[PDB]
Amino acid sequence: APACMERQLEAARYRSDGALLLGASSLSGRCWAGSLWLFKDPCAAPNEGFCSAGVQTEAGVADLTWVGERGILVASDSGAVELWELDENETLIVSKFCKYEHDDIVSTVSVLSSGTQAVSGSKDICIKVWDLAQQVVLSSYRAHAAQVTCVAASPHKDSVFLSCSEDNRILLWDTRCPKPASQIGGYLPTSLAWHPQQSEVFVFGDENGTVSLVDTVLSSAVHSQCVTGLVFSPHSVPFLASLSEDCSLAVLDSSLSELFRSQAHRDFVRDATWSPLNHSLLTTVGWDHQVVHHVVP
Amino acid sequence: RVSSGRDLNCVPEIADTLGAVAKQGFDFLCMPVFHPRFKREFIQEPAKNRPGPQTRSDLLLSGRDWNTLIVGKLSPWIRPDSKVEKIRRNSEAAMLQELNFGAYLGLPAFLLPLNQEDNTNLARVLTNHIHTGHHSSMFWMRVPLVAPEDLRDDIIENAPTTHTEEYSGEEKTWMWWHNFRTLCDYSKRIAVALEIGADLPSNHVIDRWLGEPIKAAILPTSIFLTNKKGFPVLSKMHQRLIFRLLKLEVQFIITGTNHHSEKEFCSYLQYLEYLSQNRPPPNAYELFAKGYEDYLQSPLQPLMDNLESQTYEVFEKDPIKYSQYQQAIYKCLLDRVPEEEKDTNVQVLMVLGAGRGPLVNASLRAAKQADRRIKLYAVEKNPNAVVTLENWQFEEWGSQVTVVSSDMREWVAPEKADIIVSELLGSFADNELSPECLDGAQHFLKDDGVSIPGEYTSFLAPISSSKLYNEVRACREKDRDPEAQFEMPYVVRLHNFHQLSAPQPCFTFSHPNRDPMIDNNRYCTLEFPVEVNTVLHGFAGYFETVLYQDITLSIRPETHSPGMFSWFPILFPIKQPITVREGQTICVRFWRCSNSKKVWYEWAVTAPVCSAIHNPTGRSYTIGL
Ligand SMILES: CSC[C@H]1O[C@@H](n2cnc3c(N)ncnc32)[C@H](O)[C@@H]1O
Ligand SMILES: Cn1cc(-c2ccc3c(=O)[nH]nc(C[NH3+])c3c2)cn1
């Protein structure tokens, strides 16, 4: 339960009932740490005092994701993957396990279909599959030749997941295969997002600001800088939210055409999460310590 | 006593981190001066106006700590050679920003990665930073033995890894370093931080880094094996490399997290100490010249110059050398005086160049153990050393020794000698003009007289050593040819270098020279089969000499007189490095030229490519007669 929270906001994820999860990192100053926050009232964030729960981490928070309804999986600068869990009262955030298995900053993390395993990517060029229950690494893969920029688990297949790296590879994974990785046919890819309603369809953005629709090609120049994240909306015909280092947020339709544009952020836009309650509301966080609530038409 | 450091990419607080590192036993710490994830914009709004501070305050450590304990690391997002223009511009500004902050902190070294093939722009920005104020700060290029692409798991179904041998391909990382430093014009501030992988490459790949300025070796914890007791260790192949690196006194860097969580973290470091303690320590000769490695010295000219006192002292601190002289004289006395004449036949020995008398005493000890009679002459033109000889002669030797303060080429001997003994040889055998001196003294040697040494031969071997090339390059002087430093030999204890072929004989001289038409000029062509890819920087020089029959002196590596301290190898550099492919032949040409005043060497490389003739007409280097 810490008073102040780090300037650089890195992640923001809604859960079922609507409580907002926040991951922050101190990327400058004397102490380079991170924190985790829960706002049952999203409009009160990022105000530290009006939060439901919070805790400080030893290092920064490069990425995180929900694990069910009370679990938080964190990718730490320390090279460790951490799992924190809310108590029964949801007033304390307690560390469940902290394993130092990567040799560099853990940059991306994603929970698989079953919700019992997760995949993490790091700058050590490794990708690891985790058994969240046993708190051990099931498999360690060195398929890339550079930093692993992003790993995204398949929505419904528990053995499938994507990964992209600065080696200019987009790898489709299926651990059911002897050789689990497969290269999917430019500028370096930087972000991945499966389609929620179509099995073999995903989108990926590159370092040059282009978003591409790929099947197991359609593309549009959406941003002027690196595409940091891609989040589909929960609608039946989903919209595509794209955030970039150009400090802007864009909302695209089925053909990657722009329907909305927001420049409310004054720094990098680091994450976007759709509200499960109000499907037209879209929340974004950035390194400008802003938590903006967008109403998408 | 290994100098080791800890490499981290995550520092929540400097004061706490530095303390934990020092308590674990490390000497320094590699850490980022800016947060590794704190990407920064320099051109486009609004992100360029991000309110500071941009990083930690310098007040968190003392100047002494920044100067001696911290090694900066370039932020990993900085890609000056990106194909996206916007990213290049930002990386350039960010690279200058971080480098300048490193110089601001007075850091002793800064770490930059060579993780791809094209680092042209990266080199330009660095070179620009180097030419922005003169500083001594070092830049360690982090380059792996094996490229990550060449060690990835074979787990991509539609993109299998190569299974056939690609000889040059497996050396690609060295090409990364070579091109980078060449672009930077061999800046003395740019060194190598060689990163070691879990699987080592072929020997030729490792040997490629012979002679390169390796300042640090990076050891990831993931390459460490676990022994029975849970401790971390290394395979016998990795231990072989560590030993080779300890001979280079590199600084070892431990990177990665602790995977042997059962043990504490100083375990990795304690193992390095364990390996350092386990090795053959300074074996006399290695204890003799441990501070002289790759130290360039001017070759002595005992003829033209009068040697100082302590210079003769170095000559005399080598008992094995003179006991070989004693044996050579001993054998010669027995062969010339049969037992029945041991009381009537007095042999006239003449030490030509007696210095302070070590050869005189060696001759006396030889006559005693051989039970023969000798009359000694001690010839020495250095009048200062003649002072030592005449005090010796009065206090000890007595009438048996006659000191002659004269040049052996002008001295009018009162009689002729049965044996002349001389130590006029340099590292390159004749580079002190022993042939010319012994030629002039030849008239007062009996018709059946013996010369010790009886013959000597010089050897040459092409070597690669960018380190020594740079040192020579750094020998420019104000008022002479700016390239004269490449046209003269240096006596040096060759250390960080790679011998590219077996030494072959160059010049040979015999004494006495009965020949009627004496000409000490020489012209020799040599062809060196090279079975590796490399860069030629010069030729090492050694010599062999026959004192008598089977008693010999040699600094040639394959026939090195065991236990002898005297004479380091000589080095003949070349102005421009020459690339040599595996299987190519290196053709070098050497001349021994002379006029009435001076003697000198001229050398040239004719294959695979032609170099310029070095030291033509002795313009840059001559040996005074
Ligand atoms: C032990 S190093 C060679 C010794 O021989 C001496 N020396 C060299 N050349 C001559 C010479 N031409 N005549 C007499 N002594 C010489 C040198 O002064 C030196 O002391
Ligand atoms: C820099 N530099 C040193 C020497 C050197 C070293 C040792 C001996 C020696 O032990 N005996 N004699 C001689 C010369 N003849 C000598 C010369 C030559 N250049």
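Numbers run from 1 along the shown chain.
The backbone N, Cα and C atoms fix where each Cβ goes, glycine too.
Feature annotations, courtesy of Swiss-Prot:
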ACT_SITE  B:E423  active site, proton donor/acceptor
ACT_SITE  B:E432  active site, proton donor/acceptor
BINDING   B:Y312, B:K321, B:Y322, B:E380, B:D407, B:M408  S-adenosyl-L-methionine binding site
DOMAIN    B:296-603  domain 'SAM-dependent MTase PRMT-type'
REGION    B:1-280  region 'TIM barrel'
REGION    B:453-625  region 'Beta barrel'
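Here the features listed in Swiss-Prot are placed on the structure.
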residue	record	Cβ contacts under 8 Å, 6 or more apart
B:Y312	S-adenosyl-L-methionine binding site	B:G355, B:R356, B:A385, B:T388
B:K321	S-adenosyl-L-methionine binding site	B:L553, B:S561, B:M564, B:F565, B:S566
B:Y322	S-adenosyl-L-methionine binding site	B:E316, B:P358, B:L359, B:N361, B:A362
B:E380	S-adenosyl-L-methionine binding site	B:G353, B:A354, B:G355, B:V386, B:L389, B:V403, B:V404, B:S405
B:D407	S-adenosyl-L-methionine binding site	B:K381
B:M408	S-adenosyl-L-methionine binding site	B:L352, B:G353, B:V379, B:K381, B:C437, B:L438, B:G440, B:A441
B:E423	active site, proton donor/acceptor	B:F315, B:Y325, B:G353, B:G355, B:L359
B:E432	active site, proton donor/acceptor	B:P299, B:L300, B:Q301, B:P302, B:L303, B:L424, B:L425, B:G426, B:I623
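Contact annotation for recorded positions (B:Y312, B:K321, B:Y322, B:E380, B:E432) versus ligand 1: B:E380, each with CB under 6 Å from a ligand atom. Among the binding-site residues listed (B:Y312, B:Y322, B:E380, B:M408), none has a CB atom closer than 6 Å to any atom of ligand 2. The S-adenosyl-L-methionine site in the record is lined by B:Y312, B:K321, B:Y322, B:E380, B:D407, B:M408, and its two most distant CA atoms lie 24 Å apart.
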